[PDB]
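Student: I have a structure here, written as structure tokens, and I will follow up with some questions on it.
Reconstructed Cβ throughout: ideal geometry from the backbone, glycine too, with neighbour counts over all protein chains shown. All of this is worked out from the model, or read from it or from the source named; these are not laboratory values.
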Amino acid sequence: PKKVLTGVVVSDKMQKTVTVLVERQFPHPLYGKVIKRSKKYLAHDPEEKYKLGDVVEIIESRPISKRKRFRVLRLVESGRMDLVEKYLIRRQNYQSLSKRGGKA
Amino acid sequence: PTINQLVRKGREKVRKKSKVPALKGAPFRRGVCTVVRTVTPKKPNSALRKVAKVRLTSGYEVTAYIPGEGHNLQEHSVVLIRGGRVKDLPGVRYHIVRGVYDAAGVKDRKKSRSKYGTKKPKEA
Amino acid sequence: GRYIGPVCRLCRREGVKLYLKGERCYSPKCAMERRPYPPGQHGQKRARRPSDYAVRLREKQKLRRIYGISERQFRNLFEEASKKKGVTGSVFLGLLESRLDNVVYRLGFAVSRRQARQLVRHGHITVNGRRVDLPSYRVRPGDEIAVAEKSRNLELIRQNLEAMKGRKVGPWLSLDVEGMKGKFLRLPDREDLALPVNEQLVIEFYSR
Amino acid sequence: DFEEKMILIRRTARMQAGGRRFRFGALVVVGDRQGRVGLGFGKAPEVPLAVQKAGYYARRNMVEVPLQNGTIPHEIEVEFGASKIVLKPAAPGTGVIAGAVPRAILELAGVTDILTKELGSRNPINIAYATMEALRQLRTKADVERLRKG
Amino acid sequence: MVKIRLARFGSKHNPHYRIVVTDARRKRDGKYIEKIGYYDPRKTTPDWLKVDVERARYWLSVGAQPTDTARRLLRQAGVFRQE
Amino acid sequence: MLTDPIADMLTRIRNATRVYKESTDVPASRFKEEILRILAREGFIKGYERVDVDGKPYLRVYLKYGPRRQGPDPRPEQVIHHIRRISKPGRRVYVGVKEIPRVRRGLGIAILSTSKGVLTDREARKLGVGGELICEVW
RNA sequence: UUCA
RNA sequence: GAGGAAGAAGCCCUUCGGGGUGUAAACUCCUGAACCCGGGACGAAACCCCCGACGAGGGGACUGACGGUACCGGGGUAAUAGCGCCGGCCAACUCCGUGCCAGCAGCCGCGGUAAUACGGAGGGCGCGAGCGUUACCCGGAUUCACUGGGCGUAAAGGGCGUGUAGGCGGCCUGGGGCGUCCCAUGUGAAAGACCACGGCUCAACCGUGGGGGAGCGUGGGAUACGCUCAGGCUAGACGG
RNA sequence: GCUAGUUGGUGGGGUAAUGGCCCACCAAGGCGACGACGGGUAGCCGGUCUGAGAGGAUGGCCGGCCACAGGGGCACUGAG
Ligand SMILES: [K+]
Ligand SMILES: [K+]
Ligand SMILES: [K+]
Ligand SMILES: [K+]
Ligand SMILES: [K+]
Ligand SMILES: [K+]
Ligand SMILES: [Mg+2]
Ligand SMILES: [Mg+2]
Ligand SMILES: [Mg+2]
Ligand SMILES: [Mg+2]
Ligand SMILES: [Mg+2]
Ligand SMILES: [Mg+2]
Ligand SMILES: [Mg+2]
Ligand SMILES: [Mg+2]
Ligand SMILES: [Mg+2]
Ligand SMILES: [Mg+2]
Ligand SMILES: [Mg+2]
Ligand SMILES: [Mg+2]
Ligand SMILES: [Mg+2]
Ligand SMILES: [Mg+2]
Ligand SMILES: [Mg+2]
Ligand SMILES: [Mg+2]
Ligand SMILES: [Mg+2]
Ligand SMILES: [Mg+2]
Ligand SMILES: [Mg+2]
Ligand SMILES: [Mg+2]
Ligand SMILES: [Mg+2]
Ligand SMILES: [Mg+2]
Ligand SMILES: [Mg+2]
Ligand SMILES: [Mg+2]
Ligand SMILES: [Mg+2]
Ligand SMILES: [Mg+2]
Ligand SMILES: [Mg+2]
Ligand SMILES: [Mg+2]
Ligand SMILES: [Mg+2]
Ligand SMILES: [Mg+2]
Ligand SMILES: [Mg+2]
Ligand SMILES: [Mg+2]
Ligand SMILES: [Mg+2]
Ligand SMILES: [Mg+2]
Ligand SMILES: [Mg+2]
Ligand SMILES: [Mg+2]
Ligand SMILES: [Mg+2]
Ligand SMILES: [Mg+2]
Ligand SMILES: [Mg+2]
Ligand SMILES: [Mg+2]
Ligand SMILES: [Mg+2]
Ligand SMILES: [Mg+2]
Ligand SMILES: [Mg+2]
Ligand SMILES: [Mg+2]
Ligand SMILES: [Mg+2]
Ligand SMILES: [Zn+2]
């Protein structure tokens with residue numbers, strides 16, 4: 001079975017390519033508490049169709065580029081930028097923790 | 001620590017530091033003597049404990065106890081170190097094995113012979 | 001080497017008589033007679049209450065010194081028993097009583113366990129028909145334990161096997177003085193053995 | 001009838017002008033090996049009087065141990081002060097696996113199979129007191145039964 | 001070029017082989033494709049040679065190539081009998 | 001505000017009985033009610049029933065103890081000697097039916113929530129299923 | 001002054 | 001190996017009456033590792049050859065390093081014992097030497113003239129073709145605590161807020177079924193581990209067979225709790 | 001905090017074959033506190049030792065995979 005994942009598009013900045021963020025849930029090995037983990041996958045969109053806030057299914061695909069081993073299968077819901085937001089805010093934090101800072 | 005905290009930072013493994021850097025952990029290690037002084041014990045004890053600085057193969061120079069009634073170590077004696085602390089001499093963490101190399105086994109020894117490297121005298 | 005040395009001395013260190021001889025440790029001489037105190041230059045003076053440990057050690061020492069076995073074989077046996085199901089205690093004894101060298105004694109072909117051990121070694125014994133010289137050999141239920149055809153006519157066999165004519169034997173054994181054979185019916189139940197040992201302690205010795 | 005086991009005896013001393021004045025303490029157990037045990041801590045000017053005093057007290061302090069065939073009915077963990085004691089049932093052919101103190105008590109309570117563990121402060125006095133409570137605290141189906149019946 | 005050969009098992013002087021299917025290139029005691037029989041040349045036991053013929057016949061039918069000795073033992077188990 | 005309403009219930013019951021109270025209210029939630037069914041059935045609590053303390057619905061929980069006792073401290077032996085949460089927010093706990101615990105060699109119980117409903121340890125075991133392990137009681 |  | 005004294009000599013101890021080493025030895029009788037001689041392996045039946053059909057079958061020959069080894073039968077001598085401990089933990093005590101020396105020492109601690117702790121001796125305790133030592137791993141150590149710990153004074157509450165990420169989330173109903181639970185099924189090599197039989201006289205070693213299971217994949221199923229999406233509520237919160 | 005083969009696109013080249021694997025040209029992109037980048041250390045596993053277990057420690061023998069063949073680079077031949 002070619003793996004099929006489901007995530008949110010969080011970047012339409014590539015020609016025929018989109019970043020999909022996939023949320024993985026599971027109990028922590030030793031401590032039990034069900035923890036949340038996640039990864040971004042660069043999926044293949046040939047007709048630059050899917051766009052941010054989009055929730056789509058990603059399917060294991062034949063290589064397409066160094067980093068692209070997934071084509072965008074179909075689309076589930078859409079436009080829900082609340083997620084894309086969550087992702088962005090977080091990334092924005094990074095500018096604070098370092099040598100400089102960033103108010104909250 | 002909340003379970004969340006534990007997930008977040010988890011526990012810290014306790015590494016134990018060795019009390020015998022005769023490098024390689026190695027059972028024993030050898031070197032040559034650099035000095036063969038004697039020292040005084042501490043706290044309540046008194047005596048003239050015999051010791052020896054040793055230029056080790058592990059590339060170290062440590063002070064080592066010379067167990068036994070009497071010894072025969074001089075400026076350039078080659079001996080095998082084995083390590084064993086000596087409570088009465090701060091700084092003395094290794095023992096010199098008697099019966100190996102230039103360290104002669106204590107003679108006239110009749111009991112704990114295998115230690116002090118002494119061959120069995122024949123019952124005549 | 002199987003011990004080899006003063007024997008009617010282990011007898012008195014355990015404060016109990018040990019038949020580590022047989023014919024003599026029976027008639028007014030096992031020393032346990034007018035000499036039941038421990039061996040040594042101090043053996044007479046009164047002892048101090050033994051430590052739970054001490055008490056536990058001396059007991060393993062009895063049992064082990066009874067069967068005349070090295071601490072190594074002893075320990076291996078115990079462990080073998082530990083593993084096996086069922087009261088991993090009486091099973092230990094079950095095993096012990098299964099050693100050929102022992103059965104040969106229990107069957108009377110030998111006077112003592114030590115003397116029984118030499119018979120096996122010097123191939124004077126025959127399990128199920130074939131010769132065996134391994135005292136540790138384990139006897140299973142049904143194994144015929146005869147006397148070597150050629151050894152059957154030996155001076156000590158007659159003597160020993162003679163006194164047996166009449167004498168009753170273990171409810172788990174059975175012999176045939178005539179043909180000089182004998183058979184291991186089954187592993188003895190704790191009830192079957194009359195031993196100066198509280199196995200429970202030997203177990204509590206290894207638990208430690 | 002009743003068997004006595006001496007868990008420990010210590011010397012202890014109270015200072016006083018002129019010097020130290022000593023006085024011995026003794027913990028002893030009493031049990032019929034029939035499911036009854038009593039703990040006693042006696043103290044006196046001399047060891048013997050102390051042991052005597054102890055024995056006397058153990059009888060005044062008995063407990064009914066619900067033996068379910070050489071073993072305990074259910075697992076129990078009792079905490080006495082800074083001392084914790086764990087009692088777990090064991091099938092036959094195991095024996096009593098415990099530190100000298102818990103054992104002495106368990107053995108005279110006529111327990112032949114049981115698993116245990118000393119946690120926290122290993123203070124004899126307090127571990128002895130812990131197992132007593134653990135025992136004094138064991139229930140049985142019958143008990144739970146009458147207790148839960150409306 | 002897969003084979004049906006003997007793999008050594010047992011101990012020093014106690015040789016017990018495992019008639020196996022394995023690529024022509026593995027160690028003789030390496031990872032085989034399937035065990036299909038077993039052989040004890042000393043024949044200490046009454047049963048010193050077993051050979052799942054249904055299976056040997058399979059591999060033979062697909063290109064398996066038996067050692068000459070592997071063939072011998074396999075014959076005894078009438079792998080080739082066609083009566 | 002309450003973080004673990006179930007933990008709360010359990011605890012109100014623990015606290016109440018320690019001082020030996022008659023009943024003891026506890027905010028109503030079906031889940032909590034399903035928990036009580038078991039406590040009642042197993043014979044840990046006299047029983048329980050709805051009530052409307054000031055409009056908002058509660059659940060009187062009628063506690064149950066033993067009989068007055070001898071010597072000093074005549075206080076009755078508790079029927080609920082122990083009641084403890086297991087799964088908790090931020091450390092949820094589950095179990096395969098092959099992993100459902102035997103509380104006090106059976107003398108106790110372990111209420112656990114399965115996809116077949118809230119069942120006791122043996123209940124859920126009987127009809128072979130597992131789920132979130134709610135708590136243990138004895 | 002050390003050591004009991 | 002079985003006998004063998006109210007008990008040798010020596011050695012140690014002694015209140016000198018005696019005690020210990022101890023049935024231990026001597027000695028008597030029995031067996032007979034070593035070693036001598038005789039026989040002597042399985043592991044090796046194929047490829048090949050003839051018949052038949054260069055098939056199936058059936059006959060036939062060759063080939064053993066190990067090794068004259070294992071094993072068998074006969075003969076046959078009483079034929080190595082060490083090492084570590086004995087203050088407590090921790091099984092095992094007494095004399096003499098030494099006098100804070102010479103030395104021991106895992107930890108606690110012994111030695112300053114009566115040392116069960118040093119060194120010797122006698123005796124004793126453990127093991128035994130081994131016994132001790134050092135080095136290293138896990139254990140005890142719930143002494144990094146998930147199971148299974150703590151933070152007033154023992155080590156430990158951040159000097160105080162605001163608040164980002166994250167963690168956590170009251171009451172009712174409905175959809176989904178991500179976590180969670182269930183059935184089925186594929187996978188989970190051999191060896192090892194467990195069990196049962198077996199082969200070497202036993203065992204170690206070995207063979208055969210048996211039972212495993214988590215994890216992950218696939219197909220179904222459940223929906224209490226958690227998650228999510230919808231919609232309500234007022235008891236939390238905020239506002240008037 | 002790291003990154004111009006970096007991330008992607010188009011067309012090629014190359015190989016048994018996908019691929020920034022390598023080119024030409026066009027896009028600005030890609031990754032990071034669910035720890036990028038950097039430093040240290042280490043072949044991975046079946047398993048082994050230990051532990052009541054959870055866990056800890058290991059990876060010699062033997063079996064599987066990988067990597068290297070004085071150190072660095074390279075291609076030829078060939079089913080490889
Ligand atoms: K940045
Ligand atoms: K001494
Ligand atoms: K350790
Ligand atoms: K502070
Ligand atoms: K391209
Ligand atoms: K591992
Ligand atoms: Mg491309
Ligand atoms: Mg932890
Ligand atoms: Mg060293
Ligand atoms: Mg000094
Ligand atoms: Mg001193
Ligand atoms: Mg040391
Ligand atoms: Mg009762
Ligand atoms: Mg406490
Ligand atoms: Mg503590
Ligand atoms: Mg409670
Ligand atoms: Mg001093
Ligand atoms: Mg003799
Ligand atoms: Mg043949
Ligand atoms: Mg042959
Ligand atoms: Mg022809
Ligand atoms: Mg040839
Ligand atoms: Mg012969
Ligand atoms: Mg002692
Ligand atoms: Mg010493
Ligand atoms: Mg040996
Ligand atoms: Mg730990
Ligand atoms: Mg904890
Ligand atoms: Mg603490
Ligand atoms: Mg302070
Ligand atoms: Mg403080
Ligand atoms: Mg403060
Ligand atoms: Mg500050
Ligand atoms: Mg928040
Ligand atoms: Mg909620
Ligand atoms: Mg689901
Ligand atoms: Mg499976
Ligand atoms: Mg396997
Ligand atoms: Mg056999
Ligand atoms: Mg097998
Ligand atoms: Mg291309
Ligand atoms: Mg590139
Ligand atoms: Mg991540
Ligand atoms: Mg390396
Ligand atoms: Mg543990
Ligand atoms: Mg542990
Ligand atoms: Mg390997
Ligand atoms: Mg290279
Ligand atoms: Mg080289
Ligand atoms: Mg080169
Ligand atoms: Mg080519
Ligand atoms: Zn005797």
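Student: What are the residues in the range C:48-92 that are over 17 Å from C:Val16 (Cβ atoms), in contact with a helix residue (DSSP H, G or I) (Cβ under 7 Å, 6 or more places away or on another chain) and in contact (Cβ under 8 Å) with a residue 60 or more places away in the chain, if any?
Tutor: Matches in the range C:48-92: C:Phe78, C:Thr88, C:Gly89, C:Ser90, C:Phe92.
Student: Just one of the numbered conditions (1) in a loop (DSSP other than H, G, I, E, B); (2) under 23 Å from C:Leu134 (Cβ atoms); (3) among the charged types (D, E, K, R) is not true of C:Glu79; which one?
Tutor: (1)
Student: Answer with yes or no whether C:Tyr206 is part of a helix (DSSP H, G or I), within 29 Å of C:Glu59 (Cα to Cα), in contact with a helix residue (DSSP H, G or I) (Cβ under 7 Å, 6 or more places away or on another chain) and within 14 Å of another protein chain (Cβ to nearest Cβ).
Tutor: Numbers: part of a helix (DSSP H, G or I): yes; within 29 Å of C:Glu59 (Cα to Cα): yes; in contact with a helix residue (DSSP H, G or I) (Cβ under 7 Å, 6 or more places away or on another chain): yes; within 14 Å of another protein chain (Cβ to nearest Cβ): yes.
For C:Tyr206, the condition - part of a helix (DSSP H, G or I), within 29 Å of C:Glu59 (Cα to Cα), in contact with a helix residue (DSSP H, G or I) (Cβ under 7 Å, 6 or more places away or on another chain) and within 14 Å of another protein chain (Cβ to nearest Cβ) - is met.
Student: Identify the residue in the range F:105-115 that is surrounded by 13 or more Cβ atoms within 10 Å (Cβ to Cβ) and assigned to a loop (DSSP other than H, G, I, E, B) and, among all such residues, is nearest to the other protein chains (Cβ to nearest Cβ). Let's see the steps before the verdict.
Tutor: Quick first cut of the range F:105-115, residues surrounded by 13 or more Cβ atoms within 10 Å (Cβ to Cβ) only: F:105-114.
Those still in the list that are assigned to a loop (DSSP other than H, G, I, E, B) too: F:107-108, F:110-111.
Numbers: F:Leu107: 5, F:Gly108: 8, F:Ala110: 14, F:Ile111: 15 Å.
It comes out as F:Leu107.
Student: Still on this structure, I have one more. Exactly one condition in (1) touching a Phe, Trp or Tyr at 6+ places or on another chain (Cβ under 7 Å); (2) within 13 Å of chain C (Cβ to nearest Cβ) is false for D:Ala44; which is it?
Tutor: Status for D:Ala44: all satisfied but (2).
Student: Is there a residue being within 14 Å of another protein chain (Cβ to nearest Cβ), closer than 30 Å to F:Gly130 by Cβ and in contact with a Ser or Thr (Cβ under 7 Å, 6 or more places away or on another chain) anywhere in the range F:26-41? Explain how you work it out, then say what you get.
Tutor: Residues of the range F:26-41 within 14 Å of another protein chain (Cβ to nearest Cβ): F:38-41.
Retained after the next criterion (residues that are closer than 30 Å to F:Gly130 by Cβ): F:38-41.
Imposing the further condition that a residue be in contact with a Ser or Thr (Cβ under 7 Å, 6 or more places away or on another chain) reduces the set to F:38.
Taking every residue of the range F:26-41 in turn, at least one turns out to be within 14 Å of another protein chain (Cβ to nearest Cβ), closer than 30 Å to F:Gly130 by Cβ and in contact with a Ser or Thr (Cβ under 7 Å, 6 or more places away or on another chain).
Student: Here is a check on your reading of the model: is C:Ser174 polar (S, T, N, Q) and either in the same structural domain as C:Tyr3 (by CATH) or surrounded by fewer than 13 Cβ atoms within 10 Å (Cβ to Cβ) (or both)?
Tutor: Details: polar (S, T, N, Q): yes; either in the same structural domain as C:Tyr3 (by CATH) or surrounded by fewer than 13 Cβ atoms within 10 Å (Cβ to Cβ) (or both): no.
No; evaluated as a whole, the condition is false for this residue.
Student: Would you check if C:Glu14 is more than 16 Å from ligand 43 (Cβ to nearest atom), of a type outside the set (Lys, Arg) and closer than 30 Å to C:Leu187 by Cβ? Break it down stepwise before answering.
Tutor: Values: more than 16 Å from ligand 43 (Cβ to nearest atom): yes; of a type outside the set (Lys, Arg): yes; closer than 30 Å to C:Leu187 by Cβ: yes.
Here the answer is yes, as C:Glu14 does meet what is asked.
Student: Ok, one more. Can you confirm whether C:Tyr3 is within 23 Å of C:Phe109 (Cβ to Cβ), under 18 Å from the mean Cα position of the chain (by Cα) and touching a residue at least 40 places away in the same chain (Cβ under 8 Å)? Full working, then the answer.
Tutor: Details: within 23 Å of C:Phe109 (Cβ to Cβ): yes; under 18 Å from the mean Cα position of the chain (by Cα): yes; touching a residue at least 40 places away in the same chain (Cβ under 8 Å): yes.
Spelling it out, C:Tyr3 is indeed within 23 Å of C:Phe109 (Cβ to Cβ), under 18 Å from the mean Cα position of the chain (by Cα) and touching a residue at least 40 places away in the same chain (Cβ under 8 Å).
Student: Another question about this same structure. Considering every residue within the range A:43-50, establish whether at least one is among the basic types (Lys, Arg) and within 16 Å of ligand 8 (Cβ to nearest atom). Working first, answer last.
Tutor: Going through the range A:43-50, the residues among the basic types (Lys, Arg) turn out to be A:49.
Restricting the remaining residues to those that are within 16 Å of ligand 8 (Cβ to nearest atom) gives none.
Checked against the condition, which is being among the basic types (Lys, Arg) and within 16 Å of ligand 8 (Cβ to nearest atom), the range A:43-50 yields no hits at all.
Student: If C:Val127 meets every condition in (1) assigned by CATH to the domain that holds C:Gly1; (2) in contact with a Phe, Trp or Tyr (Cβ under 8 Å, 6 or more places away or on another chain) apart from one, which number is that one?
Tutor: Tallying (1) assigned by CATH to the domain that holds C:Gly1; (2) in contact with a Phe, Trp or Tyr (Cβ under 8 Å, 6 or more places away or on another chain), C:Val127 fails exactly one: (1).
Student: Identify all residues within the range C:189-203 that are within 25 Å of C:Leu57 (Cβ to Cβ) and part of a loop (DSSP other than H, G, I, E, B); write none if there are none. Talk me through it step by step, then tell me what you get.
Tutor: So the first thing to find is which residues in the range C:189-203 are within 25 Å of C:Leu57 (Cβ to Cβ), and the list is C:190, C:193-203.
Once the filter is applied, which keeps residues that are within 25 Å of C:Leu57 (Cβ to Cβ) and part of a loop (DSSP other than H, G, I, E, B), the range C:189-203 yields C:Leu193, C:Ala194, C:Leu195, C:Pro196, C:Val197, C:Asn198.
Student: Conditions first: (1) surrounded by 18 or more Cβ atoms within 10 Å (Cβ to Cβ); (2) closer than 26 Å to C:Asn198 by Cα; (3) touching a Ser or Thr at 6+ places or on another chain (Cβ under 9 Å). D:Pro92 passes all but one, so which condition is the exception?
Tutor: Every condition holds for D:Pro92 apart from (1).
Student: Of all residues in the range F:72-89 being surrounded by fewer than 16 Cβ atoms within 10 Å (Cβ to Cβ) and over 24 Å from F:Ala124 (Cα atoms), which is farthest from the other protein chains (Cβ to nearest Cβ)?
Tutor: F:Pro74
Student: I need a count of the residues in the range A:31-48 that are over 10 Å from A:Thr19 (Cα atoms), part of a strand (DSSP E or B) and among the hydroxyl-bearing types (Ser, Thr, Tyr).
Tutor: Residues in the range A:31-48 being over 10 Å from A:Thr19 (Cα atoms), part of a strand (DSSP E or B) and among the hydroxyl-bearing types (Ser, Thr, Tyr): 1 in total.
Student: Considering only the range B:106-113, I want to know if a residue exists there that is farther than 21 Å from B:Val39 by Cβ, of a type in the set (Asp, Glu) and assigned to a loop (DSSP other than H, G, I, E, B). Lay out the reasoning, then the answer.
Tutor: Restricting attention to the range B:106-113, the residues satisfying the condition of being farther than 21 Å from B:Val39 by Cβ are B:107-113.
Now drop any that are not of a type in the set (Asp, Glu), which leaves B:108.
Narrowing further to those that are assigned to a loop (DSSP other than H, G, I, E, B): B:108.
Checked against the condition, which is being farther than 21 Å from B:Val39 by Cβ, of a type in the set (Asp, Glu) and assigned to a loop (DSSP other than H, G, I, E, B), the range B:106-113 yields at least one hit.
Student: In the set D:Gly38, D:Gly25, which member is farther than 30 Å from D:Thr140 by Cβ and either assigned to a helix (DSSP H, G or I) or in contact with a helix residue (DSSP H, G or I) (Cβ under 8 Å, 6 or more places away or on another chain) (or both)? Give the steps one after another, and end with the answer.
Tutor: Numbers: D:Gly38 fails: farther than 30 Å from D:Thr140 by Cβ.
Of the residues listed, the single one that is farther than 30 Å from D:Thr140 by Cβ and either assigned to a helix (DSSP H, G or I) or in contact with a helix residue (DSSP H, G or I) (Cβ under 8 Å, 6 or more places away or on another chain) (or both) is D:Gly25.
Student: Which condition number in (1) in contact with an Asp or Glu (Cβ under 7 Å, 6 or more places away or on another chain); (2) assigned to a helix (DSSP H, G or I) is the one that A:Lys51 fails?
Tutor: Result: A:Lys51 fails condition (2) only.
Student: Check F:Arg92, F:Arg102, F:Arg69 and return the single one that is without any contact (Cβ under 8 Å) to a residue 60 or more places away in the chain, basic (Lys, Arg) and more than 14 Å from chain D (Cβ to nearest Cβ).
Tutor: Working: F:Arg102 fails: more than 14 Å from chain D (Cβ to nearest Cβ); F:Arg69 fails: more than 14 Å from chain D (Cβ to nearest Cβ).
Step by step, each of F:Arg92, F:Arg102, F:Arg69 is checked, and only F:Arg92 is without any contact (Cβ under 8 Å) to a residue 60 or more places away in the chain, basic (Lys, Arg) and more than 14 Å from chain D (Cβ to nearest Cβ).
Student: Report the residue count in the range F:46-66 for those that are in contact with a helix residue (DSSP H, G or I) (Cβ under 9 Å, 6 or more places away or on another chain), part of a loop (DSSP other than H, G, I, E, B) and either farther than 16 Å from F:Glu22 by Cα or more than 12 Å from chain D (Cβ to nearest Cβ) (or both).
Tutor: Here the count works out to 1.
Student: Same structure again: Being farther than 18 Å from B:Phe28 by Cβ and surrounded by 15 or more Cβ atoms within 10 Å (Cβ to Cβ) is true for just one of B:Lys50, B:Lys111, B:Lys87. Which residue is that? Walk me through it before giving the result.
Tutor: Numbers: B:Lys111 fails: surrounded by 15 or more Cβ atoms within 10 Å (Cβ to Cβ); B:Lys87 fails: surrounded by 15 or more Cβ atoms within 10 Å (Cβ to Cβ).
Being farther than 18 Å from B:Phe28 by Cβ and surrounded by 15 or more Cβ atoms within 10 Å (Cβ to Cβ) holds for just one of B:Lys50, B:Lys111, B:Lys87, which is B:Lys50.
Student: Of all residues in the range A:9-40, which are touching an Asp or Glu at 6+ places or on another chain (Cβ under 8 Å), away from ligand 7 (no atom under 16 Å from the Cβ) and among the aliphatic types (A, V, I, L, M)?
Tutor: A:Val9
Student: Follow-up question, since we're still on this one. Inspect the range B:51-72 for any residue being within 16 Å of ligand 10 (Cβ to nearest atom) and among the acidic types (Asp, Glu) and give the result as yes or no.
Tutor: Our first condition is that a residue be within 16 Å of ligand 10 (Cβ to nearest atom); within the range B:51-72, this holds for B:51-53, B:63-66.
Filter once more, keeping what is among the acidic types (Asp, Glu): none.
Among the residues of the range B:51-72, not one is within 16 Å of ligand 10 (Cβ to nearest atom) and among the acidic types (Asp, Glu), which makes the answer no.
Student: I've got another one for you. Residues in the range C:27-76 that are within 14 Å of chain D (Cβ to nearest Cβ), under 22 Å from the mean Cα position of the chain (by Cα) and either acidic (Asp, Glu) or not in a helix (DSSP H, G or I) (or both): how many?
Tutor: Qualifying residue count for the region: 1.
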